[PDB]
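Following: one structure in structure tokens, then a few remarks.
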Amino acid sequence: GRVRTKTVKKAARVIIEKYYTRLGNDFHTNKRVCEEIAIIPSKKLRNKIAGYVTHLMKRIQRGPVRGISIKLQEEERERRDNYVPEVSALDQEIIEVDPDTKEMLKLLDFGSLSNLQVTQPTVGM
Amino acid sequence: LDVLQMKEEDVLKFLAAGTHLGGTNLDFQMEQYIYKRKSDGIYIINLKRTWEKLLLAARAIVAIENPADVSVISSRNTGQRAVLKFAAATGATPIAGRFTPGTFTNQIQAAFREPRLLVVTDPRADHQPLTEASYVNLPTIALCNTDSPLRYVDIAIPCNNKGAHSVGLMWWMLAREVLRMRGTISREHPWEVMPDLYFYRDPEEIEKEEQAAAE
Amino acid sequence: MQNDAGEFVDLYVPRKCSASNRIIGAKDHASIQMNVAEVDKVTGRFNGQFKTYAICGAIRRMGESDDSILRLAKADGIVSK
Amino acid sequence: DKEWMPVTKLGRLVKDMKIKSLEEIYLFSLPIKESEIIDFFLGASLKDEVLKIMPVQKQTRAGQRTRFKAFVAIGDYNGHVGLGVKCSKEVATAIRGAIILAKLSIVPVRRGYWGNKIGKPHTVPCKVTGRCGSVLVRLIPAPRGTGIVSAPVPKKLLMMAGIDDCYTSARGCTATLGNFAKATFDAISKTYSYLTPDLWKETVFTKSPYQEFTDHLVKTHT
Amino acid sequence: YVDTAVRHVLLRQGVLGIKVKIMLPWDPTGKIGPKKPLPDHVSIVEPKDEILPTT
Amino acid sequence: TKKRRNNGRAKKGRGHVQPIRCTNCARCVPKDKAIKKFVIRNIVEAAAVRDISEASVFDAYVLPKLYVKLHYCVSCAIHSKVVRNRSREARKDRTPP
Amino acid sequence: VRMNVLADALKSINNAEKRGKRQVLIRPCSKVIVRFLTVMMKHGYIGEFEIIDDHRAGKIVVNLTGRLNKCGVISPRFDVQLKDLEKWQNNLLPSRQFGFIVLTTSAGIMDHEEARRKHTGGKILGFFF
RNA sequence: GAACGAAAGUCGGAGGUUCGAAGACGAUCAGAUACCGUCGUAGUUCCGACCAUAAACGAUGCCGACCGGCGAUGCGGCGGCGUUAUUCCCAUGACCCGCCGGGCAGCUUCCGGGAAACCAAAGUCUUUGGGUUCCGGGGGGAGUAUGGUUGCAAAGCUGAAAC
RNA sequence: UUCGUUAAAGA
Ligand SMILES: [Mg+2]
Ligand SMILES: [Mg+2]
Ligand SMILES: [Mg+2]
Ligand SMILES: [Mg+2]
Ligand SMILES: [Mg+2]
Ligand SMILES: [Mg+2]
Ligand SMILES: [Mg+2]
Ligand SMILES: [Mg+2]
Ligand SMILES: [Mg+2]
Ligand SMILES: [Mg+2]
Ligand SMILES: [Mg+2]
Ligand SMILES: [Mg+2]
Ligand SMILES: [Mg+2]
Ligand SMILES: [Zn+2]
């Protein structure tokens, strides 16, 4: 029943792209805001556009949306990331992986601190 | 040279991220980048020529005075996180994920750009910028694996672009060398934060679980 | 191209490729003029001086450019030992 | 009489008046996108001729759905010609589209000598060839004042190219202009692509115009 | 929106039907076209907001 | 024109393949060309396996399988719905799951 | 089976020029082939070349340039008199100014320009431009 | 010029299961003399002879070289404190990894070709020449007539003109 | 399970 037209979704995306701070979660306010900022002749089209605008607001305010992205949402995407945990960035200096990369560290001159010794059969694939 | 040589912190971060191990299939232009094959299918990439191709990629990026002419694109989710913060780091253009083919060809699309250089993550996942390079005359720097084709690629950095920690380590070290060539960060100055922004974040299940365990 | 008078008669001198020494065409859109800058001493300072490597269309399509840039800059002395 | 509204950064270089000649664009083989760039450069390259207005038919449920296909060859007589092909439902629309695509697909023509080096070149530099479809068209150098001996369509194309003297040899269905004119266009396009023994030395490697006038492009974009 | 006319032409082969339909342009002020806008067309205003935040 | 690179069958080294009879129309077709499948049916339909197991002597110790080398030709197999048509880029595929 | 080893050499040279490689391997060795590549060296279309002197028959490796458009062998080695070279001039060379034709004169393997100065003429190995 | 040459066909000798040209019926249709069913002759089988034809196909002559990659397969050869079998070194057996030679093949590719389908050959071709053999010149008439020749015959090979 | 024919032209 809500499989609304591409022109309805396109008008709602133009509204949410141009004017984002004018909109909220209340349908009865967002409809009057959309009628102040746009010209729609049909009242059913008014209600449908404003309802999908409220659905886009509930989607954007909850989670990130690729389908529209203003500069304020870009700064929010920048803000949501900087809390960086320090748990597993670099491990302790005990790594055992390969005798082949042990031979690599023997050829190309480095310290080769940790042990590097595994034995594997030829049961690959 | 003499300061562009690899150090113990660099090789420790390489062995911690695990980029010395690659794919199981060879390519005929990756023989100069592999050194010694290993049992159980996995192959071993050398580190010196990886560092040297990263050095030349940094030289090619710093070689333009305008940093906005360098486009950085990744489609897969292991690189989508690193591309955005790499573009926010120094000067690059943030565009990742769905490429919208026709990005560089037609002009009725508002997402049309005129870059001078392109750096991509995976050639098999970014075959379409490799196709559209041939109409704009721009080079390509690609974080290539041992089983990746090399059509329309000028600088190939041999690595494991499947591991998210490897991809994040490479974008961090590339931005590190680019900023050290630009002069923002000196040589005897480590980076201010551990490279995890460039790595990855797991969404809200075990993220909030570890948060509630760390409260 | 010169005449008996020694004039420069040709309209433009096209770019000879730095990989296969082949003339890059005027409509060969699969070509590239790569740019790599020079590096200073222990300080690691950027220089305005840069060298240009022309790579042509068939080399870029076959994938010879990845081997070709390193085998071209190895004689330059900027990529490796 | 309208504002040109520059795009694609090459037109912004042209309206910043930094690329002094179209030879500087063909040194680097940059892609042209809008057609009025070479009209800003060359005002005498408007000499063109429509070669054939032929119809094509598509069989649909209504019946045949016709649309006309226009071939327009433009050219400056100093060695710059273009060939545009465009099909549309209207005659004048197809003609204007073929003119615009010829302005896009203009190429420079290399003019050589028959074997004496007096000056003012009058012929192709060597025996070149061009193939489109099946039509092999071979262009052969000619002595001074010989003329163009060919079919009238590539004779007019070479007369627009400024090749005063040339011999031709065509094999295939020469009757189809949509292959024969494009084969002649490929033959006159390969003239610079031929490796010639007066182009031995390593080139100067001049700087790109983007690198040379980056800052004007930055201050006109931002 | 559409003025439609159906007329006859008497030629030697018989009668022929001609049908001329014209969609009129939108004119909000004037007797040339209709003043009612299209219900499909949703027109938006330009971004009005500008400079000068706090101080 | 060539519709198939393999020309239908798999004869590429040799020059003669033995004609083995079809199942429905009994036409002799060379065995690298005929549709040669292998049906493993249960000897009782599962709608009556439970009835025989409840009305049987042994306590569910025997379950025989009926094996048939089903061998159609490509003239009746299309009518028998096995080897239905595909597209130009779809002829290059392999066995379905 | 094995005949016209100069053609066997120049087809390998031509495929290497069309591919864009650096150096070729040529399994026969003739003094014909050595003098032919010496003429090509003297006119600078190829570079330095090294002949692995095998005990049976050596192997020539030519450091290419990326310069050759076409080099080939005229097959039956026609007997060409003077005042008949102009047919091969208009038939083989792309222009009057370009290219050279290797003749087989009486005083050694020579060139198209050297043959009219020596005033000998003779047989044709091939052509290169 | 010569040796083989599917199936059918011909001449003798032995038999004759099945299928089955012709043939006889039973049916469907306006009409079957056909497609469907029943019976069944020559043949299909073997040993001796002849015929020399096919969509005898890869609708693609043979010899030699060059120009991409990948995963497999068949046959030898080589290397690998790997696994598995005898009773225990000992030799081959089975599996795994990699290379070599030539072989039937496959996937991708702007290496190049071609009208395209498509082709690592159908590429190295107007920038045209490695050697050699046989054949085509609009469609019919016509692989026909008339000659020559082979054959027991059916027919095979060579094979034009008028219009 | 079976179901025959419709010319010359006319875009
Ligand atoms: Mg014709
Ligand atoms: Mg068909
Ligand atoms: Mg057969
Ligand atoms: Mg027989
Ligand atoms: Mg008898
Ligand atoms: Mg008998
Ligand atoms: Mg009958
Ligand atoms: Mg019977
Ligand atoms: Mg025959
Ligand atoms: Mg033969
Ligand atoms: Mg084996
Ligand atoms: Mg044995
Ligand atoms: Mg009819
Ligand atoms: Zn059947």
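No Cβ is skipped: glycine too gets one built from the backbone with ideal geometry, and neighbour counts run over all protein chains shown. No value in this document is a laboratory result; all are computed from the given coordinates.
Would you mind computing, in nm to one decimal, how far apart the modelled labels at residue E:51 and residue D:54 are, each placed 7 Å from Cα along Cα→Cβ?
Calculated label separation equals 6.2 nm.
Taking only Cα atoms and a 10 Å spring cutoff, compute GNM fluctuations for chain D and point out the largest among D:154, D:197, D:209.
With Cα springs under 10 Å in chain D, the top fluctuation among D:154, D:197, D:209 is at D:197.
Rounded to the nearest Å, what's the spacing between the alpha carbon centres of the stretch B:68-98 and the stretch F:31-48? Just the number, please.
Rounded to whole Å, the Cα centres lie 55 Å apart.
What is the protein assembly as shown by shape, rounded, prolate or oblate, if you read a ≥ b ≥ c off the alpha carbon gyration tensor as root eigenvalues and call it rounded for a/c under 1.5, prolate for a/b larger than b/c, and oblate otherwise?
Rounded is the answer for the protein assembly as shown, as its axis ratio a/c remains below 1.5.
Among the complete DSSP H segments of chain B, which ones combine at least 18 Å of alpha-carbon extent along their axis with a mean Kyte-Doolittle hydropathy of -0.5 or more?
Those that clear 18 Å and a mean of -0.5 are B:48-62, B:77-89, B:164-182.
Enumerate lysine pairs in the stretch G:1-68 that are 8 or more residues apart or on different chains, then count those whose Cα atoms are under 20 Å apart.
6
Tell me the angle of helix C:65-76 to the major Cα principal axis of chain C, expressed in degrees between 0 and 90 and rounded to the nearest ten.
Relative to chain C, helix C:65-76 is tipped by roughly 80 degrees.
Given the C-alpha centroids of the stretch G:109-123 and the stretch A:26-42, what is the distance between them in whole angstrom?
94
Report the FRET efficiency, 1/(1 + (r/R0)^6), for residue D:138 and residue G:35, where r is their Cβ-Cβ distance and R0 is 45 Å, rounded to 0.05.
Efficiency at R0 = 45 Å is approximately 0.90.
Which one of D:5, C:33, D:149 is farthest out on the positive end of the charge dipole of the protein assembly as shown, using unit charges on Cβ (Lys, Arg +1; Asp, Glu -1) and the Cα centre as origin?
With unit charges placed on the Cβ atoms, the residue in question is D:149.
Is the stretch B:128-210 best put as rounded, prolate or oblate by its Cα gyration tensor, with a ≥ b ≥ c the root eigenvalues, rounded for a/c under 1.5, and otherwise prolate when a/b is larger than b/c, oblate when not?
oblate
Where nothing but the Cβ of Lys and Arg (+1) and of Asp and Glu (-1) is charged, how large is the charge dipole of chain D around its Cα centre, in debye to the nearest 20?
Computed about the Cα centre, the dipole is about 880 debye.
Hydropathy first: keep DSSP H helices in chain D averaging at least -0.5 on Kyte-Doolittle, then drop any whose Cα extent along the axis falls short of 18 Å, and list what survives.
Helix filter hits for chain D: D:91-104, D:177-193.
What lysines sit close enough to residue F:31 to cross-link, taking a C-alpha to C-alpha distance under 21 Å and skipping anything fewer than 8 places away on the same chain?
Of all the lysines, those that pass the test against residue F:31 - Cα under 21 Å, at least 8 places apart if same chain - are F:3, F:11, F:12, F:69, F:81, F:92.
Taking the Cα centre of the protein assembly as shown as origin, work out the dipole magnitude from +1 charges on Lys and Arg Cβ and -1 charges on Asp and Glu Cβ, in debye rounded to 20.
Charge dipole, the protein assembly as shown, about its Cα centre: 6120 debye, nearest 20.
Can you list which of the trypsin sites (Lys or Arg not before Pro) found in the stretch B:66-146 are DSSP loop residues with at most 15 other C-beta atoms within 10 Å?
Filter output for the stretch B:66-146: B:98, B:113, B:124.
Could you tell me which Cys residues in chain F have no other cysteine's Cβ under 4.7 Å from their own Cβ, answering none if every one has a partner?
Taking the Cβ cut-off of 4.7 Å, the unpaired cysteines of chain F are F:25, F:28, F:76.
Between the alpha-carbon centers of the stretch B:139-215 and chain E, tell me the distance in whole angstrom.
First find each Cα centre; the distance between them is then 56 Å.
Could you give me D for chain G, from Stokes-Einstein at 20 °C and 1.002 mPa s, where the hydrodynamic radius is the Kirkwood radius over C-alpha pairs? Units µm² s⁻¹, please.
Here the translational diffusion coefficient equals 142 µm²/s.
Fewest to most neighbouring Cβ within 10 Å: what's the order for G:98, F:38? Display every interim value, and only then the final one.
Working: G:98 19, F:38 9.
The fewest-first ordering by Cβ neighbours comes to F:38, G:98.
List the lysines whose alpha-carbon lies under 20 Å from that of residue G:87, not counting same-chain residues fewer than 8 positions away?
Within the straight-line cut-off, residue G:87 pairs with D:127, G:70, G:118, G:123.
What FRET efficiency, computed as 1/(1 + (r/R0)^6) with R0 = 35 Å and r the Cβ-Cβ distance, is obtained for residue E:10 and residue E:35, rounded to the nearest 0.05?
Approximately 0.35, to the nearest 0.05.
Test of the criteria: in the stretch A:21-125, which chymotrypsin sites (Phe, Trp or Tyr not before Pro) are in a DSSP loop and have at most 10 other Cβ atoms within 10 angstrom of their Cβ?
Counting only loop positions with at most 10 other Cβ atoms within 10 Å, the chymotrypsin sites (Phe, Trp or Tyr not before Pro) in the stretch A:21-125 are A:83.
In the protein assembly as shown, what percentage of the DSSP-assigned beta bridges are antiparallel, given to the nearest 5?
85
In the protein assembly as shown, if the dipole is taken from +1 on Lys/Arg beta carbons and -1 on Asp/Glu beta carbons about the Cα centre, which of B:73, D:169, C:6 is farthest to the positive end?
Farthest along the dipole direction, towards plus: D:169.
Using the Cα centre of the protein assembly as shown as origin and beta-carbon charges of +1 (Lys, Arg) and -1 (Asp, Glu), tell me which of B:90, C:65, B:11 is placed farthest towards the positive end of the dipole.
Farthest along the dipole direction, towards plus: C:65.
Once label points are set 7 Å from the Cα along Cα→Cβ at both residue A:117 and residue D:69, what is their separation, rounded to one decimal in nm?
7.6
How big is the charge dipole of the stretch G:69-129 about its Cα centre, in debye rounded to the nearest 20, if each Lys and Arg gets +1 on its Cβ and each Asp and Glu gets -1 on its Cβ?
Computed charge dipole of the stretch G:69-129: roughly 40 debye.
Let me know the longest stretch in chain G that avoids all trypsin sites (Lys or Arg not before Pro) found in a DSSP loop with at most 11 other C-beta atoms within 10 Å.
G:3-55
Between residue B:2 and residue G:61, how high is the FRET efficiency from 1/(1 + (r/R0)^6) when r is the Cβ-Cβ distance and R₀ = 56 Å? Nearest 0.05.
Numbers: r = 38 Å, r/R0 = 0.67.
So the FRET efficiency works out to roughly 0.90.
Take every Cα-Cα pair in the stretch G:1-68 and report what % of them are more than 14 Å apart.
So the pairs more than 14 Å apart make up 55 percent of the total in the stretch G:1-68.
Quantify how much of the Cα-Cα distance distribution of the stretch D:69-222 extends past 26 Å, in percent.
It works out to 38 percent of all Cα pairs.
Give me log10 I(q)/I(0) at q = 0.17, 0.22 Å⁻¹ for chain C, Debye formula, one equal scatterer per alpha-carbon, no solvent.
-0.79, -1.01
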